[PDB]
Each structure stands twice: as C-alpha cells, then as structure tokens.
Amino acid sequence: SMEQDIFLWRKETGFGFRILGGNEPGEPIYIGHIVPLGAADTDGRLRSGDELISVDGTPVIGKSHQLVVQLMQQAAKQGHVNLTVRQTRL
C-alpha cells in the first residue's frame, strides 16, 4: 500500500463511510462499509479495508476511534473532510 489524501465534500446524506478498529489505542483503524451512492462511493477513491492514518491533518495512528469520532464530528460541521489513508495499488 501507499499513503493517499482524499478530500470529500459532504453531501446531504453525509460522507457515506463507516470505520472499523481503533477500539483501543494501538489497534489499527480501517475504512469499513462504504454507503452505495454516498459521497465516498461517488468519489470512487476510498475503499473498504484502507487504513486510516489521519483526519484533517490530525494523525489517528495508534489512537482511539474516539479521536476519529471527534474529528468526524467536526468534519460533519464544516461539511468536508480530508482523509489520509494507506491504499492498495490497483
């Protein structure tokens, strides 16, 4: 894999992706379910299984999903997000 930045404008339906892991610090955080026809799906770049490493410049590596909860709460509020993910070369 390799690190990629993915900026998404929020839609009325949201960003359209779920998260897995980071249940405790040190447990890796991954992109889970991507909502069909949602913002992430339509953009096309984000994939389930991509490892999340930062949100809007804030590193989430080794951190709790609770930090991501906070970061995505703000991402909702501002109506956009910039995700750094490790992605599979296709």
# chains A, B, ... in the order shown; residues from 1 in each chain; ligands from 1
$ closest_atom_pairs --of "stretch 7-42 of chain A" --to "stretch 59-77 of chain A" --cutoff "6 Å" --atoms "only C-alpha atoms" --output "Markdown table"
| residue | atom | partner | partner_atom | distance |
| --- | --- | --- | --- | --- |
| A:22 | CA | A:65 | CA | 4.6 |
| A:23 | CA | A:65 | CA | 5.9 |
| A:24 | CA | A:64 | CA | 5.4 |
| A:25 | CA | A:63 | CA | 4.5 |
| A:26 | CA | A:62 | CA | 4.1 |
$ residues_around --residues "residue A:47" --least-positions-apart "2" --cutoff "10 Å" --atoms "only C-alpha atoms" --output "ChimeraX atom specification"
/A:17,30-34,40-41,44-45,49-51,85-88
$ residues_around --residues "residue A:9" --least-positions-apart "6" --cutoff "10 Å" --atoms "only C-alpha atoms" --output "PyMOL selection string"
chain A and resi 15+39-40+43+75-76+78-82
$ write_last_selection --atoms "C-alpha atoms" --output "PDB file, in the first residue's frame"
ATOM      1  CA  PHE A  15     -19.795  11.251   3.774  1.00  0.00           C
ATOM      2  CA  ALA A  39     -20.084  10.856  -1.125  1.00  0.00           C
ATOM      3  CA  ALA A  40     -17.152   8.420  -0.697  1.00  0.00           C
ATOM      4  CA  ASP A  43     -15.795   9.955  -5.491  1.00  0.00           C
ATOM      5  CA  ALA A  75     -15.916  17.152   9.567  1.00  0.00           C
ATOM      6  CA  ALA A  76     -19.736  16.960   9.600  1.00  0.00           C
ATOM      7  CA  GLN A  78     -17.668  22.056   8.359  1.00  0.00           C
ATOM      8  CA  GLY A  79     -19.207  19.927   5.555  1.00  0.00           C
ATOM      9  CA  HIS A  80     -15.914  18.440   4.331  1.00  0.00           C
ATOM     10  CA  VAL A  81     -13.065  16.114   5.295  1.00  0.00           C
ATOM     11  CA  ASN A  82      -9.533  15.295   4.171  1.00  0.00           C
TER      12      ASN A  82
END
$ closest_residue --among "A:37, A:46, A:90, A:83" --to "residue A:11" --atoms "only C-alpha atoms"
A:37
$ select_by_dssp --residues "chain A" --states "strand (DSSP E)" --output "ChimeraX atom specification"
/A:2-9,17-21,29-34,51-55,58-59,80-87
$ write_last_selection --atoms "N, CA, C and O atoms" --output "short mmCIF file (atom, residue, chain, number, x, y, z; two decimals), in the first residue's frame"
data_model
loop_
_atom_site.label_atom_id
_atom_site.label_comp_id
_atom_site.auth_asym_id
_atom_site.auth_seq_id
_atom_site.Cartn_x
_atom_site.Cartn_y
_atom_site.Cartn_z
N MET A 2 0.17 2.41 -0.15
CA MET A 2 0.81 3.73 -0.07
C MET A 2 -0.17 4.79 0.45
O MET A 2 -1.39 4.64 0.33
N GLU A 3 0.37 5.85 1.05
CA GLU A 3 -0.47 6.90 1.61
C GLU A 3 -1.03 7.81 0.52
O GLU A 3 -0.30 8.21 -0.40
N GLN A 4 -2.32 8.09 0.62
CA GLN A 4 -3.02 8.97 -0.32
C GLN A 4 -3.94 9.89 0.48
O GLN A 4 -4.54 9.46 1.47
N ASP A 5 -4.04 11.15 0.05
CA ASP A 5 -5.03 12.08 0.60
C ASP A 5 -6.30 12.06 -0.24
O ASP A 5 -6.25 12.11 -1.48
N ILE A 6 -7.44 11.97 0.44
CA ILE A 6 -8.74 12.01 -0.22
C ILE A 6 -9.60 13.09 0.45
O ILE A 6 -10.05 12.94 1.59
N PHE A 7 -9.81 14.19 -0.28
CA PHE A 7 -10.72 15.23 0.16
C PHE A 7 -12.12 14.94 -0.38
O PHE A 7 -12.28 14.63 -1.57
N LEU A 8 -13.12 15.06 0.50
CA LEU A 8 -14.53 14.85 0.16
C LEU A 8 -15.37 16.02 0.64
O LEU A 8 -15.26 16.42 1.81
N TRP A 9 -16.21 16.55 -0.24
CA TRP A 9 -17.30 17.44 0.16
C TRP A 9 -18.43 16.58 0.72
O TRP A 9 -18.84 15.58 0.11
N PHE A 17 -19.30 6.63 4.71
CA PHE A 17 -18.36 5.56 5.04
C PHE A 17 -18.36 5.31 6.54
O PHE A 17 -18.59 6.23 7.33
N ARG A 18 -18.13 4.05 6.90
CA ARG A 18 -18.01 3.63 8.30
C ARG A 18 -16.55 3.32 8.61
O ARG A 18 -15.70 3.23 7.70
N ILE A 19 -16.26 3.13 9.89
CA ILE A 19 -14.90 2.87 10.37
C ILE A 19 -14.88 1.59 11.21
O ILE A 19 -15.86 1.27 11.90
N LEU A 20 -13.76 0.88 11.13
CA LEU A 20 -13.50 -0.30 11.96
C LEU A 20 -12.23 -0.09 12.78
O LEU A 20 -11.34 0.68 12.39
N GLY A 21 -12.13 -0.78 13.91
CA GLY A 21 -10.92 -0.76 14.73
C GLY A 21 -10.75 0.50 15.56
O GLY A 21 -11.71 1.26 15.77
N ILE A 29 -7.00 1.38 12.62
CA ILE A 29 -8.30 1.89 12.21
C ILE A 29 -8.42 1.70 10.70
O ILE A 29 -7.53 2.11 9.94
N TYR A 30 -9.51 1.07 10.26
CA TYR A 30 -9.74 0.84 8.83
C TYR A 30 -11.06 1.44 8.38
O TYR A 30 -11.97 1.66 9.18
N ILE A 31 -11.14 1.71 7.08
CA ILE A 31 -12.40 2.06 6.44
C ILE A 31 -13.24 0.77 6.39
O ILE A 31 -12.77 -0.26 5.92
N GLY A 32 -14.46 0.84 6.92
CA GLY A 32 -15.40 -0.27 6.86
C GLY A 32 -16.33 -0.08 5.69
O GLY A 32 -15.90 0.20 4.57
N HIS A 33 -17.63 -0.21 5.95
CA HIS A 33 -18.65 -0.14 4.91
C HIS A 33 -18.70 1.23 4.23
O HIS A 33 -18.70 2.28 4.90
N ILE A 34 -18.72 1.21 2.90
CA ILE A 34 -18.90 2.41 2.10
C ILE A 34 -20.33 2.41 1.56
O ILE A 34 -20.72 1.50 0.84
N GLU A 51 -6.42 1.63 5.43
CA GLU A 51 -6.09 2.03 6.80
C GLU A 51 -6.14 3.56 6.94
O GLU A 51 -5.49 4.28 6.18
N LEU A 52 -6.93 4.03 7.90
CA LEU A 52 -6.99 5.46 8.23
C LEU A 52 -5.80 5.86 9.11
O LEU A 52 -5.53 5.24 10.15
N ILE A 53 -5.07 6.90 8.68
CA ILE A 53 -3.88 7.35 9.41
C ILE A 53 -3.98 8.80 9.91
O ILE A 53 -3.39 9.13 10.93
N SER A 54 -4.72 9.65 9.19
CA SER A 54 -5.04 11.00 9.68
C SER A 54 -6.37 11.54 9.13
O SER A 54 -6.83 11.13 8.05
N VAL A 55 -6.98 12.44 9.89
CA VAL A 55 -8.22 13.13 9.51
C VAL A 55 -7.99 14.63 9.68
O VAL A 55 -7.63 15.09 10.77
N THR A 58 -4.87 15.77 11.49
CA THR A 58 -4.64 15.17 12.80
C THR A 58 -4.33 13.68 12.65
O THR A 58 -5.19 12.91 12.19
N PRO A 59 -3.11 13.25 13.04
CA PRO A 59 -2.80 11.82 12.99
C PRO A 59 -3.69 11.00 13.93
O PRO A 59 -3.90 11.40 15.07
N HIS A 80 -16.98 19.06 5.12
CA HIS A 80 -15.91 18.44 4.33
C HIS A 80 -14.91 17.71 5.22
O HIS A 80 -14.88 17.90 6.45
N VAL A 81 -14.09 16.87 4.59
CA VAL A 81 -13.07 16.11 5.30
C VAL A 81 -11.92 15.78 4.34
O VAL A 81 -12.13 15.61 3.13
N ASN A 82 -10.71 15.71 4.90
CA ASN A 82 -9.53 15.29 4.17
C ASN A 82 -8.90 14.11 4.89
O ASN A 82 -8.32 14.25 5.96
N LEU A 83 -9.06 12.93 4.28
CA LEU A 83 -8.60 11.67 4.85
C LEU A 83 -7.25 11.29 4.26
O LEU A 83 -7.09 11.28 3.04
N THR A 84 -6.28 10.99 5.13
CA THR A 84 -5.06 10.32 4.70
C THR A 84 -5.25 8.84 4.98
O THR A 84 -5.50 8.44 6.12
N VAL A 85 -5.16 8.04 3.92
CA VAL A 85 -5.31 6.59 4.02
C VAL A 85 -4.13 5.88 3.35
O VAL A 85 -3.50 6.43 2.45
N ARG A 86 -3.83 4.67 3.83
CA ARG A 86 -2.95 3.76 3.11
C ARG A 86 -3.81 2.93 2.17
O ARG A 86 -4.77 2.28 2.61
N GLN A 87 -3.48 2.97 0.88
CA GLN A 87 -4.31 2.34 -0.14
C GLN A 87 -3.55 1.31 -0.97
O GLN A 87 -2.37 1.49 -1.26
#
